[PDB]
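Enquirer: Coordinates for the following, if possible.
(6 chains, ligands or ions: 1)
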Amino acid sequence: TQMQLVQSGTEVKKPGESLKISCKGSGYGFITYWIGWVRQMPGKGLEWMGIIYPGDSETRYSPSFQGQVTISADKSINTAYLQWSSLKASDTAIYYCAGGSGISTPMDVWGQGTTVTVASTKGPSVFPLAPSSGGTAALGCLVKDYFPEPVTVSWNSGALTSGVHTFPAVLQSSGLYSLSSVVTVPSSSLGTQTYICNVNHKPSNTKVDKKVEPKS
Amino acid sequence: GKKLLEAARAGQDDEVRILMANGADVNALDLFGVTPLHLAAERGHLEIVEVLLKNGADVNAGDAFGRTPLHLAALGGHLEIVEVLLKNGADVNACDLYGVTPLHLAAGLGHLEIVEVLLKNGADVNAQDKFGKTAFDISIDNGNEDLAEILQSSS
Amino acid sequence: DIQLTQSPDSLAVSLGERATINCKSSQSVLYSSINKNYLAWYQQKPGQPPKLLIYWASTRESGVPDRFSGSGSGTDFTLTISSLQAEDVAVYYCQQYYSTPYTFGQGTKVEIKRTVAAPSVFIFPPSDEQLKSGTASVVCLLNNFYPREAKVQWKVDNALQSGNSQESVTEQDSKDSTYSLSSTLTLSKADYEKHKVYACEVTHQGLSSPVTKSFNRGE
Amino acid sequence: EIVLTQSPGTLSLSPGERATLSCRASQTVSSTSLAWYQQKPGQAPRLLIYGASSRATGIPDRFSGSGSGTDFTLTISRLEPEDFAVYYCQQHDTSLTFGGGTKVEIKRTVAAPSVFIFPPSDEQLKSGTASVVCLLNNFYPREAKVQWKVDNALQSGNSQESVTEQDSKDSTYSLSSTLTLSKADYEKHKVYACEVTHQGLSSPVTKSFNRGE
Amino acid sequence: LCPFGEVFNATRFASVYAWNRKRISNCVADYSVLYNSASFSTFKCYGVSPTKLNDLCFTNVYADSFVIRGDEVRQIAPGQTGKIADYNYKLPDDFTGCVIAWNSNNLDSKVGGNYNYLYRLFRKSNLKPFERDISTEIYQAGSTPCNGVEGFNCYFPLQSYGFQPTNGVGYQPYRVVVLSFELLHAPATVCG
Amino acid sequence: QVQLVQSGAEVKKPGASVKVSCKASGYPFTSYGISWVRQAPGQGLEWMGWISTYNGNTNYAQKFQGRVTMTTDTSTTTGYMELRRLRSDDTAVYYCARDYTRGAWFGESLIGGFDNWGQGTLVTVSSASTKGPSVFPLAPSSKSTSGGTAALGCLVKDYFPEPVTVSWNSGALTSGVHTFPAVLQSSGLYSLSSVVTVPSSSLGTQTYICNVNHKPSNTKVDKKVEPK
Ligand SMILES: *[C@@H]1O[C@H](CO)[C@@H](O[C@@H]2O[C@H](CO)[C@@H](O[C@@H]3O[C@H](CO)[C@@H](O)[C@H](O)[C@@H]3O)[C@H](O)[C@H]2NC(C)=O)[C@H](O)[C@H]1NC(C)=O
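Expert: Numbering: from 1, shown residues only, chains lettered A, B, ... in the order given. Please see the structure below:
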């Protein structure tokens, strides 16, 4: 490609500590590329953080963000580093490193973004939920007390690829996450096949199969 | 602010007092970036020099050309300014980027007092011009060979 | 500094017509030596990094469809997508680069408008394992509905509640653009055994009357 | 406007070696305005080094150039058997003067020259001119001495010598010495001798004859 | 098609105080060579991006060039002041130009120091943008009338650089070329 | 990948002028200069001059201010060099070349040298015209040693201009042959010799043939070898 950008992976740390992430490029023509940083809060817009030149380390900061973050550059490997001295509650968002060839020029080439959160880890609990009477009924499976997002879900271990909905978790009051997945099936097929809710969590490397049956 | 500079031309000490009593800066730089010390030494207003050094002015101040007030003070032929500057702790070995020495200024007009007052506190003899000339040749070049013998006997 | 605003903040039009968005700034964004306005227009499909479409406010980047256009002058600018398609749903953005710093607007969401449809209203209580856990969670579902706006309310023993319900909404559906909304109510076991009858009420423009679903605990 | 002498004009070296050719001027010239050119035998010239340190398009890495002040030097490191040619150093700082050229040849063992002598037939004797030939073969290096003797007398201005280039199959040499003369003075003398001396040959072998044989 | 090589790729570069202008126009410019030559260590280019300017074309492609000390290569910029910026060369603000610099210690540095590259460091007034003034007129420092002699009261504005191979990384000389693409309002303008 | 083409060889009589042409292809002609360089037979090259491509401003060496004129045309991408008032000491070869030592628009001192050449152009001058050659056999004596070899030769005299096509046994013999460079003498004509080594086996059992053809003078001759 004209320019390829890569960043770090997931980041989960307790608040207050330091952090170090890196945006690294590869291609032909890299020497003309200013590197800036863009932040996205969950469910909101975008706001600039800071811009830098990889070569001689010339930096520019947004007026409302001065003194909160550290920007550095390294020309030998052509990388731009961001360092956090203090981590707070408002530091759970997504970040992008954006390339732009010159000042007053657009940020056209982008990375894949990295995620930052802060909470405590715990194992999940999965419970079933069945309907009763009539047309088509929806059976549900819920996961509670899990961290961090996301969760891989399926029915019958990926044997059905239709009529499934997934619920983006919302942070509740007590400080954890939850989800519920529901599938609508006709009342004729409730008593023939076995329904299995299959939940995989890579960060907790746990796979659980739960049998779901109607209650009456 | 700037006014004291031209006030230094008129030697109006009371204006200097009323001005620095209000919180005027002690290390002012003007449009040309010159310190009041050079003009004070040039005009030889002794009492202004003493009152300004009483509060602890920049005794080692230097301009873009590296000049120091002692050079111009010795060039003019001023008696008290050089000795008070020596007493408060100004260096004598100090040389500009061209390597001009105060002994050259002393030998310029045949001013004798400066010679031995610097000889008392360790006047330098290693001064180096464009060709590496010391104080002896420049001292004897001015037509007054008696001055050169003083430094020759002291070395 | 320069602040930016977008209009409208939310938008939804059907398939096959023109979509218009407006971006308004404060200072003139016309350069002195160069007579080209300093605006850029971005798009971002959910779950993906943003991908620029328009740079210098009047051009088209290589590799994008030609069904896009822009206009405007001074401090007000317009973006028009001609014959928007089903795959053009995203969140768009405007950003000036006259001088440091640059700042984007709040953001605009694009949706495909269509006709109202009859939704499905479900409600589910919990089970023995949740009772053993210590909490009680009852979830009200509203499925395949349109428009987005629909009020979901609770009733415990014919009494109102405050600060006890958490509402979650899913994104667009690839099949027929339908949404599902869940309202979950959580409470203590001691409060669970002190209350008997629970009811869910649903109000929507597509419903002739608000729908009530009530039942007593254990029945 | 600058005198440039490379020296020596020949630096014959054995195969598979390195050659440090030199180019030295009188005045001073920076490291920006001298280039090395190559001249293949029986061919057209080329370019080797530009800017006195770098290489042109598609030139192998065996050719390196260095030097400054008043002396510059080209190093070849590895010697393939297609890299035997004349080398020129050229300046262009003020006007431009080419070098003197250096020839590098194969360095091999000693050689034993063989000499033949031929007089002419009467067919050219009917004409107004006459010529006699001496031939030397298989000698190393090019330097050798050949003289004539018309009744053991010294001659000048009537002899010519020629030598071929380096041979591609044996790396040897072949010299021809031709003496031309007028018809009238040919019949006055009878005994003709041709003497050759070479460093690779111990004795000064002389071929003497009479036309009556 | 037009002289891009002859301004970059030559041997003689004048000193800062009397830098050279070179106007280039009436051509089609192939910037692809100015991208990945891997030798321009500070191709920092403001105002207008190099990538997609091929669509754009305008006159006045003024190109300046000189040689300048290595450490103060950063000081050359729009609106940034210092030693060289305030006295010899000052790039106008609201710029639309674009700068290039690279190390050339291999050839422009000899044993004993190359004392051929002078520069000015005193000036009573300042410089208007895109302007160069050259004059070796001396300055009378004091109250002593000076005719042509050098001394405590007579000063030469220009000072000599000292270039050495052993010297530090930031002291080895660098070469700079500054392009400045500007245009006018009159239509029917020649492109490039 | 580029192509440089020059004209054929030339022979001339003193007092006239000569014009040679160089054609270049594979690149836009209006960005590089032309350089002409001459080389005497067996000696180093000499600079004949530089000509630019757009402004027409050239640069000649300090030796040929008034005897050479160089012109170029960009439409046909060609360059002509004419030499006038030529003397008898101008027998040499000439080369056209691409220039990267002086600018084609500015006229500065750049980094590099002549990096593309041509096939060369022979030019010769003499006080004599074309003349047919005369050949002569040179048979080894019968006193040749059995344990060795004997050399037989052919001598060509008064052939002009160059070259001559000499063959043995109508091209059958290819190994052991040696053709010499031409040599000059006071008379200004040309002499040549060719030699082949052979064993004593074929001395008394096979007759050798030596045939020379002159293409410019389109003359064919052949002679036999008989031991004597
Ligand atoms: C000043 O002169 C030098 C020497 O002629 C130029 O250096 C050479 O420039 C050419 C053209 O850009 C380079 O050619 C390229 O080579 C690569 C090799 O992989 C090839 O992939 C490209 O297609 C192209 O042919 C050449 O390599 C380069 N040589 C070196 C040693 O760098 C230089 O470019 C001239 N100045 C300017 C600004 O052009």
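Enquirer: Only alpha carbons, please: show stretch F:2-14 as PDB.
Expert: Taking only C-alpha atoms (Å, rounded to 0.1, in the frame of the first residue of the first chain), the coordinates of stretch F:2-14 have been written out as PDB:
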ATOM      1  CA  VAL F   2      18.300   4.100 -25.000                       C
ATOM      2  CA  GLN F   3      19.700   4.100 -28.500                       C
ATOM      3  CA  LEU F   4      22.600   6.100 -29.900                       C
ATOM      4  CA  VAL F   5      23.300   5.900 -33.700                       C
ATOM      5  CA  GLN F   6      26.100   7.500 -35.600                       C
ATOM      6  CA  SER F   7      27.100   7.600 -39.300                       C
ATOM      7  CA  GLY F   8      29.500   5.300 -41.100                       C
ATOM      8  CA  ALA F   9      33.200   5.600 -41.500                       C
ATOM      9  CA  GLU F  10      34.800   8.400 -43.600                       C
ATOM     10  CA  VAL F  11      37.900   8.900 -45.700                       C
ATOM     11  CA  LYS F  12      38.900  12.400 -46.900                       C
ATOM     12  CA  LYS F  13      41.600  14.400 -48.700                       C
ATOM     13  CA  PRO F  14      43.200  17.400 -47.000                       C
END
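Enquirer: Any residue of that stretch touching chain D?
Expert: No: counting by C-beta under 8 Å from any C-beta of the partner chain, chain D has no neighbours in stretch F:2-14; the shortest distance is 9.1 Å. For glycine as for every other residue, the C-beta is placed from the backbone atoms N, C-alpha and C.
Enquirer: I'd like to know the phi and psi angles of the closest residue to chain A within chain B, please.
Expert: With C-beta to the nearest C-beta, the shortest gap between chain B and chain A falls at residue B:64, namely 27.2 Å. The phi and psi torsions at residue B:64 (degrees, to the nearest 10) take the values phi -60, psi -30.
Enquirer: check contacts around residue C:9.
Expert: Contact partners of residue C:9, counting by C-beta atoms under 8 Å, 6 or more residues apart in numbering or on different chains, are C:106-108.
Enquirer: Kindly report the same for residue A:155.
Expert: Applying C-beta under 8 Å, 6+ apart, the residues near residue A:155 are A:164, A:181, A:183, A:195-198.
Enquirer: Buried among these? Need that as a selection in PyMOL.
Expert: Buried residues among the contacts of residue A:155 (16 or more other C-beta atoms under 10 Å in any protein chain shown), as a PyMOL selection:
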select buried, chain A and resi 181+183+195+197+198
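Enquirer: Would you mind measuring from residue C:146 to chain B?
Expert: Using C-beta to the nearest C-beta, to the nearest Å, residue C:146 is found at 73 Å from chain B.
Enquirer: Name the nearest residue to that residue, sequence neighbours excluded.
Expert: The shortest distance from residue C:146 to any non-neighbouring residue, by C-beta to C-beta, 6 or more residues apart in numbering or on different chains, is to residue C:117 (5.1 Å).
Enquirer: same question, residue A:61
Expert: In space, residue A:61 is closest to residue A:50, 4.9 Å off (C-beta to C-beta, 6+ apart).
Enquirer: just checking, that neighbour touches residue A:58?
Expert: No: in this structure residue A:50 lies outside contact range of residue A:58 using C-beta atoms under 8 Å: 11.4 Å.
Enquirer: Between those two, which has more neighbouring residues?
Expert: A side-by-side neighbour count of residue A:50 and residue A:58, using other C-beta atoms under 10 Å in any protein chain shown, places residue A:50 first with 21 against 15.
Enquirer: Wait, a helix at residue B:38?
Expert: Yes: secondary structure of residue B:38 (DSSP: H, G, I helix; E, B strand; the rest coil): part of a helix.
Enquirer: hang on, the earlier thing: distance of the residue nearest to residue A:61 relative to residue A:80?
Expert: 10 Å (C-beta to C-beta, to the nearest Å).
Enquirer: still on that earlier bit, same for the helix or strand encompassing the residue nearest to residue A:61, what does it pack against?
Expert: Taking DSSP states H and E as the criterion, the element that holds residue A:50 is strand A:46-52. Judged by 3 or more C-beta pairs under 8 Å, 6 or more residues apart in numbering or on different chains; DSSP states H and E, the packing partners of strand A:46-52 are strand A:34-40, strand A:59-61, strand A:69-74.
Enquirer: what's the closest of the contacts of residue C:9 to chain B?
Expert: Closest to chain B, out of all of the contacts of residue C:9 and judged by C-beta to the nearest C-beta, is residue C:106, at 48.5 Å.
Enquirer: so what's that closest one closest to, chain neighbours aside?
Expert: Using C-beta to C-beta, 6+ apart, the nearest residue to residue C:106 is residue A:45, at 4.9 Å.
Enquirer: before we move on, what about residue B:114?
Expert: Using C-beta to C-beta, 6+ apart and skipping the chain neighbours, the partner closest in space to residue B:114 is residue B:106 (4.4 Å).
Enquirer: What is the burial count for the closest residue to residue E:102 other than its chain neighbours?
Expert: Distances taken as C-beta to C-beta, 6+ apart place residue E:40 nearest to residue E:102, at 5.0 Å, with adjacent residues excluded. Using other C-beta under 10 Å, residue E:40 has 18 other residues around it.
Enquirer: Domain parsing of the chain, as residue ranges.
Expert: As the question left the chain open, I've gone with chain A. Residue ranges for the domains of chain A, per automatic domain parsing: A:3-117, A:125-212.
Enquirer: my bad, chain F
Expert: F:3-125, F:134-225 (CATH domains of a matching chain).
Enquirer: Using CSV, please lay out those domains together with distance to residue B:142.
Expert: Conversion of the domains of chain F to CSV gives the following (distance: least, C-beta to C-beta, whole Å):
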stretch, distance to residue B:142
domain F:3-125, 51
domain F:134-225, 81
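Enquirer: Go through the ones you listed and name the closest to chain A.
Expert: Of all the domains of chain F, domain F:3-125 comes closest under C-beta to the nearest C-beta, at 21.8 Å.
Enquirer: circling back: what's the angle between the strand holding residue A:50 and strand A:69-74?
Expert: 40 degrees (axes from the mean of the first three to the mean of the last three C-alpha atoms, to 10 degrees).
Enquirer: residue contacts, the residue of chain E found nearest the ligand?
Expert: Of all residues in chain E, the one sitting closest to the ligand is residue E:9 (3.7 Å; C-beta to the nearest ligand atom). Listed by C-beta under 8 Å, 6+ apart, the contact partners of residue E:9 are F:110-111.
Enquirer: Quick check: it vs residue E:102, distance?
Expert: 12 Å.
Enquirer: And for residue C:88?
Expert: 46 Å.
Enquirer: how about stretch F:178-195: buried residues?
Expert: F:178, F:180, F:182, F:190-195.
Enquirer: close to chain D, is that stretch?
Expert: Yes: with C-beta under 8 Å from any C-beta as the measure, stretch F:178-195 is seen reaching chain D through F:178, F:180-181, F:183, F:185, F:191, F:193, F:195.
Enquirer: got any residues that touch both of residue A:50 and residue A:80?
Expert: With C-beta under 8 Å, 6+ apart as the test, residue A:50 and residue A:80 both reach residue A:71.
Enquirer: and the residue of chain F nearest chain D?
Expert: Per C-beta to the nearest C-beta, residue F:113 is where chain F lies closest to chain D, at 3.5 Å.
Enquirer: check which helix or strand covers the residue lying closest to that residue once chain neighbours are set aside.
Expert: Nearest non-adjacent residue to residue F:113, counting by C-beta to C-beta, 6+ apart: residue D:35, 3.5 Å away. Assigned by DSSP H and E, residue D:35 belongs to strand D:34-39.
Enquirer: What count of nearby residues applies to residue 158?
Expert: Going with chain A. 10.
Enquirer: My question was about chain F, not that one.
Expert: 14.
Enquirer: Isn't it up against residue F:132?
Expert: Yes: counting by C-beta under 8 Å, residue F:158 touches residue F:132, with 7.5 Å between them.
Enquirer: picking that back up, what is in contact with residue A:50 and residue A:58 at once?
Expert: With C-beta under 8 Å, 6+ apart, residue A:50 and residue A:58 have no common neighbours.
Enquirer: for the residue of chain A found nearest chain D, what are its contacts?
Expert: Of all residues in chain A, the one sitting closest to chain D is residue A:28 (19.4 Å; C-beta to the nearest C-beta). By C-beta under 8 Å, 6+ apart, residue A:28 lies in contact with A:2, E:35-36.
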